[PDB]
Every structure is written in structure tokens, then in C-alpha cells.
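Here's the structure we're looking at; comments come further down.
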Amino acid sequence: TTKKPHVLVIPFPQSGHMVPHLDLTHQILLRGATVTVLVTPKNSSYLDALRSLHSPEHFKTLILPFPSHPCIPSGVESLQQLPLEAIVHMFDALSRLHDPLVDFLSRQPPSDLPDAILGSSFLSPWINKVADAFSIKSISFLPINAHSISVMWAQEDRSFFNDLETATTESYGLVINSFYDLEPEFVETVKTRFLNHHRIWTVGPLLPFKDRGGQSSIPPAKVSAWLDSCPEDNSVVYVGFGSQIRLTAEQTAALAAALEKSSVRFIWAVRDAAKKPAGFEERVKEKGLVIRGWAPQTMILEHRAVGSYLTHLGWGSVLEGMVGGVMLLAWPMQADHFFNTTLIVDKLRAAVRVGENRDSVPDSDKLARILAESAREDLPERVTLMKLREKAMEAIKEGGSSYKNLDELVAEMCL
Ligand SMILES: C[C@@H]1O[C@H](OP(=O)(O)OP(=O)(O)OC[C@H]2O[C@@H](n3ccc(=O)[nH]c3=O)[C@H](O)[C@@H]2O)[C@H](O)[C@H](O)[C@H]1O
């Protein structure tokens with residue numbers, strides 16, 4: 001027969017990581033693999049959708065209690081509810097899942113041991129140590145692209161990413177969610193300088209099965225019949241900074257001001273904070289919608305009359321926006337956002353920058369016009385992205401770099 005692997009998938013508890021890592025899980029599942037996903041109890045919900053699409057004989061779940069940590073609020077097991085800077089304790093806590101794992105693996109029949117660990121590069125320090133102790137390959141996953149990795153791995157003071165970055169190099173291979181064509185210069189730069197076994201797979205855009213992680217807040221059918229009933233096929237601008245960002249009130253008043261002034265129709269996705277409003281306008285400006293909480297981002301970005309997306313330029317959002325066929329309006333604020341701006345905005349001329357810093361407040365008047373003119377397909381920033389979508393969308397069709405790379409990956413997992 002054509003032997004397929006048993007993969008022990010270990011995502012990182014955070015939307016940017018968890019969401020594509022399951023998309024990557026479903027992709028290797030489809031190549032006839034067998035997966036065991038390891039999550040803490042509050043994170044078992046994100047596997048439901050994935051479970052309804054595979055046999056209990058091909059898809060397995062290991063659940064371990066979240067190791068408690070003094071700096072993390074009780075009952076929180078996912079970083080998206082926390083300040084991105086809190087990630088430093090999330091690393092610490094999760095690293096104590098090392099011992100429960102070894103007991104599970106040691107008491108597992110010699111047969112059923114996984115062929116490979118497809119874990120988060122953020123957990124690679126201890127996942128590698130577990131991987132070595134059973135002679136299992138530790139392939140690393142990252143939601144960011146080869147460009148960001150090169151800038152980041154090469155830092156002198158890394159700082160607290162050091163151990164995970166250098167442990168990622170000591171891995172078997174690396175899987176990242178972009179494509180070769182997008183950044184060939186850097187895929188090679190990572191493959192030779194920063195991968196001691198010189199194996200990297202580009203498998204993106206990882207687009208989703210069947211929704212995504214996890215449940216929106218205004219019901220998506222109320223959303224979809226807001227869209228079908230707005231007039232022109234490319235004239236709604238969706239505003240959302242993903243899951244990790246929440247903006248200060250001064251900027252909200254400025255961002256809301258541009259929207260009132262811009263005369264364009266829009267959806268705005270505001271989020272929550274945890275540690276343990278604009279003023280009046282929700283019904284002053286129809287249309288129109290203000291989804292608080294968590295929103296149907298991909299249903300919105302692929303809807304017909306959504307032509308512009310104002311974002312932090314997170315990498316998942318870059319790929320969601322690109323697939324969606326929508327102009328990117330970039331406002332970097334932290335994390336890989338600037339490296340994304342250097343590549344997409346500066347280098348490839350595929351997004352218009354509309355904000356500068358984590359602290360910026362924009363000219364209410366300037367932002368309103370960039371917002372009005374942003375949806376029209378003429379702009380050389382939109383078409384350069386519509387070209388890239390052409391390259392991305394066919395790099396994931398059969399014979400594409402990413403279709404092949406996933407094949408070659410599932411295979412090499414068995415060796
Ligand atoms: C580069 C990565 O950026 C990250 O932040 P974030 O979660 O925004 O990542 P995205 O790439 O935007 O993707 C996150 C995913 O949340 C989705 N979403 C969000 C809000 C909502 O209301 N509805 C949704 O569907 C969105 O569609 C996306 O799936 C992290 O700093 C990470 O460390 C970094 O490497």
C-alpha cells in the first residue's frame with residue numbers, strides 16, 4: 001500500500017496559530033493521514049467542526065488540563081483573551097504539558113506511537129525534547145511567513161523568543177502558511193541559514209474547511225442579508241484588527257469619524273479585553289453594522305460587495321483578505337505586522353498604508369478619503385494584490401507549490 005502517517009498535532013492556543021494549524025490538520029487528514037490533536041479542556045471546542053468531518057479512527061483527541069500558572073487568570077487557556085505581551089507566561093504554563101505527554105506516550109502501545117509531531121514552533125523547545133525521546137520527527141508550524149522569520153531569527157537580542165526560535169531550527173522541518181512565489185528570496189533564506197536540516201514547506205494559503213475559530217457574535221445570517229442588500233458590488237469596507245488588538249478610545253473616535261465622513265457602507269468588528277463604544281453612532285450611521293465580539297471575518301471578506309479591508313496586516317488576515325479579492329488598508333501595530341508592511345506595502349505595492357504605529361491617531365479627514373477611494377478596482381495597489389491572489393490561488397490548486405508541498409510533507413512524515 002502507500003503508507004500514511006500518524007501525526008500528533010499540537011497547536012498553540014491563539015487564533016492566529018490555532019486556526020490555520022487545524023486547516024493544516026484537515027489538509028494532511030485529506031491526504032489519508034491520522035491525527036491526534038492535543039488541547040487543554042477549554043480548547044476542545046475548536047475541534048468540533050473538524051471532528052464532524054473525519055472518522056474517530058482517523059481523528060483522535062488528547063486532552064490534558066491546562067497547567068495552572070500564577071500570572072494567567074483562572075480558567076483561561078487561550079492567549080487571544082489576553083494581552084499579546086502576556087504570551088510569556090503562556091509559554092511557561094504550556095511547557096509543563098511536557099510531563100503529561102511523556103506519560104501518555106510511554107504508556108501508549110509501541111505500535112500507536114506517532115510518526116511525527118506537527119506542533120507549534122512556539123512550543124518547539126519542549127516538543128522537540130519529547131520528540132527526541134521517542135525518535136519522532138518534530139516538524140514545526142508557524143502562521144507567519146518566511147519574510148518575518150528571516151527578520152526575526154536574525155535578531156541579535158531575540159529576546160524571549162530565542163529558545164523557541166533556536167529550537168525551531170533544531171527541528172526536522174518547518175511548515176509555514178505562505179507560498180514560495182510570494183517571497184522566494186526569503187523561503188530560501190530561511191531554508192539555508194536558519195534550518196539545520198534545511199527542510200521547509202510552504203502550504204498556504206491554508207483556506208478553511210466547510211465557522212472559523214470559533215463562533216461569531218452577531219448571527220452570520222443577519223450579517224449575510226445586510227450584504228446581499230447593499231447596492232454596489234465592491235463598496236463595503238470591513239474594519240477589523242483580528243483577535244489580538246483592542247484600540248484606545250482616542251483612535252476609535254478618529255476611526256469612527258472617517259467612516260461617518262467617508263459616505264461608504266461598512267462593517268466594524270470590535271473586540272474584548274481580559275485581565276484578572278464610539279459615542280452614539282451605531283444608529284447614527286446606516287449603513288451600518290457594528291459587530292461587537294467576534295465576527296464572520298471570512299464570510300465577510302469573500303462576500304461580493306466588500307472591496308476594502310482595514311486591518312493590522314496580520315498574516316492570516318493578509319491571506320484572508322487576498323483570497324477575498326479585497327483591497328488591503330494596512331495599519332501595523334505589533335507582532336509580525338511591520339514585517340508584513342515591509343513586504344506587502346513597501347516591496348510588492350499591494351496595500352495602502354493608512355496608519356503608522358500602535359499609538360497612532362489619524363487625520364480624520366485624510367483617512368476618510370483613503371477609505372472612500374479604497375474600494376475602486378482601478379488602484380494599482382488593488383490590482384497588484386489581485387495578481388497575487390492569482391499566484392496564491394493557483395499555488396494551492398493541484399500541481400501548485402503548496403499542493404505539492406503538503407503532499408511531499410505528509411510523505412516525509414512517514415520516513
Ligand atoms: C501574524 C500573527 O498575528 C497574530 O494576531 P492575529 O490573531 O490577528 O493573526 P491573524 O493572522 O490576523 O488571523 C487570526 C484569525 O482570527 C480571525 N477572526 C478574528 C476576529 C474575528 O471577529 N473573526 C475572525 O474570524 C481571522 O479571520 C483570523 O483567523 C498573532 O499576533 C500571532 O502571534 C502572529 O504571528
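Please note: Cβ atoms are built from the backbone with ideal geometry, for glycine as well, and neighbour counts cover all protein chains shown. Please treat every number below as a calculation from the coordinates, not as lab data.
Exposure proxy for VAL284, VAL323: other Cβ atoms within 10 Å of each Cβ, ordered fewest to most, give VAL284, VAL323.
At an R0 of 51 angstrom, the distance between the Cβ atoms of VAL102 and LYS347 translates into a FRET efficiency of 0.70.
Computed from the C-beta positions of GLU260 and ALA411 and an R0 of 56 Å, the FRET efficiency is 0.55 to the nearest 0.05. Ranked for footprinting exposure by Cβ neighbours inside 10 Å, fewest first, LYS397, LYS4 give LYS397, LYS4. Approximating the spin labels as points 7 Å out from Cα along Cα→Cβ, the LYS42-to-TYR403 distance works out to 4.1 nm. Check cross-link reach from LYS3 to the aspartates and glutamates: straight Cα distance under 17 Å, and skip same-chain residues fewer than eight apart. By straight Cα distance, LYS3 reaches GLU57, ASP112, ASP115, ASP407, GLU408, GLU412. Counting every other Cβ atom within 10 Å of each residue's Cβ, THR341, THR384, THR248 order from fewest to most as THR248, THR384, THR341. When a/c reaches 1.5 or more, the comparison of a/b and b/c decides; with that in mind, is the chain rounded, prolate or oblate per its Cα gyration tensor? Judged from the Cα gyration tensor, the chain comes out prolate (a/c at least 1.5, a/b above b/c).
Straight-line reach from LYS276: taking Cα to Cα under 24 Å and skipping same-chain neighbours fewer than 8 places apart, the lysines in range are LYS42. The listed peptides 167-177, 74-84, 222-232, ordered by packing as a protection proxy, come out as 167-177, 74-84, 222-232 (highest mean of other Cβ atoms within 10 Å first). Globularity index of the range 17-148 is 1.06 (Cα radius of gyration / 2.2 N^0.38 Å, N = number of residues). Annotation for the range 98-148: trypsin sites (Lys or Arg not before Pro) lying in DSSP loop with at most 15 further Cβ atoms inside 10 Å of their Cβ are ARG107. Which links in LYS129/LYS347; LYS191/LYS391; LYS60/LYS137 stretch past 27 Å when you go from one Cα to the other? Those over the limit are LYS129/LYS347. Reported to the nearest whole Å, the Cα centre-to-centre distance from the range 178-235 to the range 282-334 is 13. Checking the a/c ratio against 1.5 first, then a/b against b/c, what shape does the Cα gyration tensor give for the range 74-134? Since a/c reaches 1.5 and a/b is larger than b/c, the shape of the range 74-134 is classed as prolate. Put a dot 7 Å past the Cα of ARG193, heading toward its Cβ, do the same for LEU113, and the two dots end up 3.7 nm apart.
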